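A structural walkthrough
Here's the letter readout for the chains.
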Amino acid sequence: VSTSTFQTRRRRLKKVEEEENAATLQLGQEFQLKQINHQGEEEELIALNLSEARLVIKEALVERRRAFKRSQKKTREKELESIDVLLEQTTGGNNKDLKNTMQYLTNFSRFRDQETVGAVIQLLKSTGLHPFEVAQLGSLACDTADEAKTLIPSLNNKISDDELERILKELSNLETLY
Amino acid sequence: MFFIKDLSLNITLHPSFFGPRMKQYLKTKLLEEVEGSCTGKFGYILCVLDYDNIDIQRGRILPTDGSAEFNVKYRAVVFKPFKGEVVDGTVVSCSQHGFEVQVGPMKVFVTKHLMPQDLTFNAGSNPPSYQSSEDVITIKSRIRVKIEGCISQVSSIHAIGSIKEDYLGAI
Amino acid sequence: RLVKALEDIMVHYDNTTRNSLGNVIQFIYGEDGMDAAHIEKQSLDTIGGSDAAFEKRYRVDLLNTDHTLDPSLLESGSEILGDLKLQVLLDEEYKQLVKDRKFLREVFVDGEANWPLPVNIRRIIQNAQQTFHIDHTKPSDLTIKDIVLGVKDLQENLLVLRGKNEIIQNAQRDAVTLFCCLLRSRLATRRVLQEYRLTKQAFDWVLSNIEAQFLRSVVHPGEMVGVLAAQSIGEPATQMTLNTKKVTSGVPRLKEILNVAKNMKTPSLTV
Amino acid sequence: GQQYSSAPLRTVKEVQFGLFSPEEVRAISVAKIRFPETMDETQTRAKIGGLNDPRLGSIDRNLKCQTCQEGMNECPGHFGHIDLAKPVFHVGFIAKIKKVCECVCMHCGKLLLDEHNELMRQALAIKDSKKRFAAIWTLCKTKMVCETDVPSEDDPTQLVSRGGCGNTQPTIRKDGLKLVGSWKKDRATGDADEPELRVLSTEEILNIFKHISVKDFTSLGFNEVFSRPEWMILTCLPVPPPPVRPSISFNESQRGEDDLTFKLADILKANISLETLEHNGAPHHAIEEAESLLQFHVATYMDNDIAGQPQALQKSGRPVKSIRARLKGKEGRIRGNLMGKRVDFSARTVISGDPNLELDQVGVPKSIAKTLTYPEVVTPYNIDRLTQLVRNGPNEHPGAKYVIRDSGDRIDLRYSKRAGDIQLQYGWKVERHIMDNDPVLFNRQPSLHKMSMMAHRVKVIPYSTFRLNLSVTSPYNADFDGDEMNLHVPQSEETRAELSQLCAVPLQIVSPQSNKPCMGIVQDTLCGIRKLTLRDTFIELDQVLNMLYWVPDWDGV
Amino acid sequence: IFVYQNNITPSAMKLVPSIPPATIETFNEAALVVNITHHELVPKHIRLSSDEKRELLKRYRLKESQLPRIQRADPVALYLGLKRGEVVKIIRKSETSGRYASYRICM
Amino acid sequence: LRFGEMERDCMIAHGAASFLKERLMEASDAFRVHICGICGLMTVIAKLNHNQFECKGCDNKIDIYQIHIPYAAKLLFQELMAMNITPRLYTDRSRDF
Amino acid sequence: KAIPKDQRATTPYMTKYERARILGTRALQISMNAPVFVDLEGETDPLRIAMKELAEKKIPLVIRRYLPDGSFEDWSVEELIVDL
Amino acid sequence: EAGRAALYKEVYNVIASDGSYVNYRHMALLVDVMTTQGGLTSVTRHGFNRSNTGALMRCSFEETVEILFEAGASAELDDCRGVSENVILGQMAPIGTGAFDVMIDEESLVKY
DNA sequence: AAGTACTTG
RNA sequence: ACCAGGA
DNA sequence: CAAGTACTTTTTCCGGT
Ligand SMILES: Nc1ncnc2c1ncn2[C@@H]1O[C@H](COP(=O)(O)CP(=O)(O)OP(=O)(O)O)[C@@H](O)[C@H]1O
Ligand SMILES: [Mg+2]
Ligand SMILES: [Zn+2]
Ligand SMILES: [Zn+2]
Ligand SMILES: [Zn+2]
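The record names X-ray crystallography as the way this model was obtained, at a resolution of 3.50 Å.

The record for the entry shows the title "RNA Polymerase II initial transcribing complex with a 7nt DNA-RNA hybrid and soaked with AMPCPP".

So, about the overall build of chain E. Scanning chain E from terminus to terminus reveals 2 helices and 6 strands. The secondary structure elements of chain E, listed N-terminal to C-terminal, are β-β-β-α-β-α-β-β. For 107 residues, the compact-globule estimate of 2.2 N^0.38 gives 13 Å, and the C-alpha radius of gyration of chain E, at 16 Å, exceeds that figure by more than 25%. Dimensions along the principal axes, computed over C-alpha positions, put chain E at roughly 50 × 30 × 20 Å. Within chain E, the proportion of its 107 residues that are buried is 36%. Across chain E, contacts joining residues at least 24 apart in sequence account for 54% of those joining residues at least 6 apart. When the accessible surface of chain E is summed, it comes to about 6700 Å², and 57% of that surface belongs to carbon and sulfur atoms. Within chain E, the 10 negative side-chain charges are centred at a point lying 7 Å from the centre of the 18 positive side-chain charges.

Attention now goes to the arrangement of the chains. The top pair by number of contacts, from a total of 22 pairs of chains in contact, is chains D and F. Considering only C-alpha positions, the minimal separation of the non-contacting chain B and chain C is 17 Å. In this assembly chain A lies apart from chain E, the nearest approach of their C-alpha atoms being 24 Å.

Attention shifts here to the coordination of the zinc ion (ligand 4). All names here are of chain D. Protein coordination at the zinc ion (ligand 4) comes from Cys105 (SG), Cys108 (SG), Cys146 (SG) and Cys165 (SG), with a distance range of 2.3 to 2.4 Å. Around the zinc ion (ligand 4), the 4 donor atoms sit at angles spanning 97 to 127°, and that spread fits a shape best called tetrahedral. Within one chain, the residues donating to the zinc ion (ligand 4) are spaced in sequence as C-x2-C-x37-C-x18-C. A residue pair is termed long-range when its members are at least 10 positions apart, and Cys146 in the loop between α4 (129-140) and β5 (149-151) and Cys165 in the loop between β6 (159-161) and β7 (173-174) qualify at 19 residues. Across the pair, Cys165 and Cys146 agree in class, each one buried.

On the chain D side, the residues contacting the 12 residues of chain C number 10 residues. Roughly 1100 Å² of surface becomes buried between chain C and chain D when both sides are summed, with 57% attributable to carbon and sulfur atoms. Its largest share of buried area at the contact with chain D, chain C owes to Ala37(C), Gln231(C) and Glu235(C), together 37% of the area lost on that side. Linking chain C with chain D are 0 salt bridges. Where chain C meets chain D, there are 2 residue pairs in polar contact. No other element matches the 7 residues that helix α10 (residues 225-239) of chain C contributes to the side of chain C that touches chain D.

Rules and cut-offs
Residues numbered from 1 in each chain as written, not as in the entry; some residues may be left out. Chains lettered and ligands numbered in written order. Part of a larger assembly, values for the part shown. Heavy atoms only, no water. Residues with missing side-chain atoms left out of burial classes, pairs and counts. Helix = DSSP H or I, 4+ residues; strand = E, 2+ residues; numbered from the N terminus. Rg over C-alpha atoms; globule rule 2.2 N^0.38 Å. Buried < 20%, exposed > 50% of the residue type's maximum accessible area, 1.4 Å probe, protein only. Contact = heavy atoms within 4.5 Å. Areas by Shrake-Rupley, 256 points an atom, 1.4 Å probe, with all protein chains shown as cover. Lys, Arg positive; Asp, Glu negative; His and termini not counted. Charge placed at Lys NZ, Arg CZ, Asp CG, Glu CD. Donors = N, O, S within 2.8 Å, 3.2 Å for Na, K, Ca; no water. Tetrahedral: all angles 85-135°; square planar, octahedral: opposite > 155°, others 65-115°. Buried area = accessible area lost by both parts, 1.4 Å probe. Salt bridge = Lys/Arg side-chain N within 4 Å of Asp/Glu carboxyl O. Polar contact = N/O pair within 3.5 Å; in protein donor to acceptor, adjacent residues only side chain to side chain.

Next up, the structure:
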């Protein structure tokens, strides 16, 4: 038995077209902007930037330890060793996929703290750009608006080069050290 | 990318588990079945969110057998890569054919022919490398690859990527 | 054919009788919402006899020196004489008993009194009598209000349909109409006090029993009354064969009926 | 049993009927189905890559399936296909195929009447697909010309052009499997006298049908997804897998091919002739000869009991068994294999009444209890009871036949070397003998009653008969003149409850058929009751004490 | 209502639906001699308002299909001038309940 | 022993839904087919060993269920298909009412 | 659309079928080594354990009563009147 | 309405001719079934089996193949609400014991 | 065969 | 399969 | 508008050539 969604589409006999996924911001039928949360409400898609992502998983796994020890009642490389330890408690271990992902996130995260990631999220979530672009813009380190408009082609006409460059300059500022 | 997608999963508990550690065994069974898993549809279902508020709902008792079926509703952090997706990754392996790069849970492989011409395969090194007019890509190196296309397969998703285009390559 | 025709018919959780289309066959099962098992050929007394004899039975007039309940029937008897407020209740009682008589006489034109109905009231009274060791000499601890009002209340509790709205609440009244006609005839003030000679406790128990016995007597949603009817019509037709005016009679006439045979064998009028 | 599948298990919520589009047949198909030869790779016993397993199902029980790996009891057969050399009418649809032709223009595929006609727009209004098509056909049959211009929704002076095509429509009549029309004609105003008489080709009808508008056929009975009218004309024929047409395979080097397997080979043989005939120097009549031959076999495979006489009987004189006739009622799939079934845990013997049994019980012979079994799950409450039943074995009365491990495997207590060494674990099933007080469905046919099948309490007794209380005779309509009765044993706690709680004899006492009790005191008891309850009848102390002791609920008073 | 003695020509019968929203009814005098509604077997049929109907359907959670049907051509449907889709509440005497309320939708 | 129509009819009169199911299934027929979620037929080339599922002709290697039906129903369906009728079995419902 | 507990309109009593199905289900679970919510006062039969559990109204089951239009009323065994 | 009353009168007159008695409700149901559709729907293949119930259901009486053939041609969709369809599908029918569903409420389970 | 429903003259 | 039987 | 065809079914369960 596998995983179901919230996207209902009654596909009677009519199999295909399934039109290829791209950076024509044509993601899956599942990865549509107008996605629908279970409480009935239609909520916009959630794409995370590596770090906005890391902070979620960390938090979720930390809260899990809390609940696991509630039922059991009755510095980068130092951040990496500690994560492998939090995982050792809350995860299945057989889930090498998460450990692999956790190391990746820990290494490649651009913004260390929730305070920082907050400000990052504010800045980009005002551009009117599509969830994907916003996430890619948050996790890809670009200097020229061209670097960005080349790596994120979906942007190509959506924003002023100067305005995009203003954002890029303010991302470089928020960028935490190592 | 790296999305948060609301999802559900049907679990058929056996009558022996109809004790008060009900929600517990179900939430745990859900975590076993879903976390670390990978489908094509939603990609890598990496980590289940908000354990404390995982919705069990009522479970219908299946008729000629005793077992009950609950549609566990839940939210999770997923990873589906796409064609055109530009990803920052670390090199893993490196053959005369190209270099496979670890990007999160998945491996994106770069063909010798998807790389700029100047980059040549150097066999004579520990470990084997790719040498440019000024650049060097080997095992531990960090890269930026554009995903050219994906192959949804079993309990993974693998993909072919390029470092030919502008702003792509080593970092 | 009778089975294959009815099979899919059953009683859903709204007492409705529906086929696989949810199409309404009967609004309430068998027009009363009762299970055929919990029904007995009870007699509706009120129906017949002289208008004169009906007066002698159900009429209580505390305003007449002769037609009042004798103080040998109840303790109240003495202080009850000429109570204008109370005689209003007995006037409603008798006026409703007369309404009933006329109604029944429309429903059963020939005056057939014996009709199969739920709750054996006769038996409940009999049981109260041997249960409470009812002494047919000593006057009762019942008030007129104890009786008249008690029956009025008991009726409000004889629930067939439950919905909180006019349509259902009217359908409820309609479904219970004839049972109450019986209940009122059997539980009239004079009758309780003079005939049955019940104490307050005895009468209180007779009421709860009618109620409980009534509630059990209703059909259970899920009952496959399609196959039931099919077999209940069908089985007798099979023993009308298998065992040992001249109109087409028996098996071939039933054939004629179901088939909706246009060219029928013995067509006739009754002018 | 059958193996574990990771597929999510569901129930059928909806059955969506339709017609096989030729492209679907060719898609779903696991083989084509080129040879009329069954198998024997040139005598060499094994299946030919032509008919029955050119990837299909599986003949040899010791050979796993070619497409799915599974084999025999697991493998539902997989379909094949035969690309028919020329299209053919599907027997069942010749009816509709004609009425559809009668409704549409035999040249442009436009409906003979439309929204411009008042009686038509009225019939187009009908919501039911069957009644709508009915009302359409009766109106459109009589329109013998496809109208170019019809009088507009106002004046007859100024007429508006609807669809084109002037063409006269044929007076279609069926000549058994053939459709033949008679176009009115115009010649010097009158003529007919003597009109154009010609047979409508399957292919010509197919093409006209193909051109019928989505709006048009959806206005007719049809649906654009599951049943287009073009799908009533067979182009690609689906080949049912072995499970449907099993080779009743006697001995080793000896056949036993199913009726359908021959009937298909005929279709194959008939096709290869028609095919090679038109690829070769087509003698154009020898062509319409070999065509009609294939149209017949493809008709007589599905239905053989066709009106126009030819009964396509097997060379033995025995008619070929059509698929239609397999499904046709009382004995045959729907009525015989699905509406009723032959069942396991069923037992039947000669019945005889016992005054010493309780009403709700049923005397069951020891043999029948040692035969019939109940699967009881090893629980702590019964762990020790079950280990003794298992110890007793298949031959002692309170014994068991099998032990079923969680390890899916059945242990035969009758042969297993470990039949004593057996040590039950919780969660194992024990296939034990029927024991006293087990609920069982007991019945006597005909079965015109809710009452003719009642739940009884087992009572294992000696002697080969079913024993039953005399008062319980009436509901079943049994007597002891040589009547037999059936017993059915429930297999789970869920169904035991069903019996005990809903259909137990005491529950059935008062019948809803007639609002009266359907069981009473009969014969010896009834005749003897009158005799004893007399004013003349008096009992002396000696008898009187036994008379008392005999009532098991007696107060001792 | 147009009461005719013997017949109305298929000629004049074409004018019947010509003047809507107003409706016309053709009645053979010979049928009207006796009132059918007065007979032993004919119960009180009652025309429902769009509001009454909306209510009947809401209260029993029905689609118009699920409701028992009165024929448009029906003697009682004619006597009342039932229109397609109109519901009739039929009040009949019951040997079971005393009085049973049924409903029929027009056809 | 034949559990005939008449015998089914009493079980329905009783309302012994499970007991009827048992008779027709576990006590007699009962088979397990793999059906497709797109075209509701027994088309699935299920190699339940390798966990490979597939319904080529739908390219569906995912949306597949498994149902328990009397083996005679599996037959009926194949016989109806052989006769060109598609008896598509779906596990979801669209209609309502 | 699932009728809310305050608008429920079905029988407050437990239909003969409901009784039998709950008893059967519980007995099927008890037999499948499910946790028994009552004191087995020396009981070995799962139907008798089910009856016992039902008499003490300590059965964790909920009857979903489907209406003809599809909507349903959820009733707990604990709340249903057992006149049977 | 009169036709229904007459129909019962007439059906009842046959059952009571043998002498035997049948509770009203049964006959009332047969009579009401033949009635509802508008006129007199016969208890024959031209009557009830021609109504708009299930395809698999209707096919199970009289015109078996002919039914499944037209079901195919007009792309009929079986509700699967009929007893018949479930028996054919080997599923628990929505009859008595099948007229509802059973669920474990966790909250009440942890309560005990 | 018997009855009907459905075309065909 | 037809024939012969049983309640 | 009438006679004439093409249609369909006819209880349940349980040894031998
Ligand atoms: N052909 C048949 N079809 C169906 N049921 C039959 C049958 N023959 C007999 N029966 C069953 O058995 C009964 C007839 O028994 P028979 O052997 O003919 C002797 P009888 O003259 O009826 O005497 P008895 O019923 O007083 O004992 C029926 O009431 C019926 O249920
Ligand atoms: Mg006999
Ligand atoms: Zn296979
Ligand atoms: Zn044309
Ligand atoms: Zn498919």
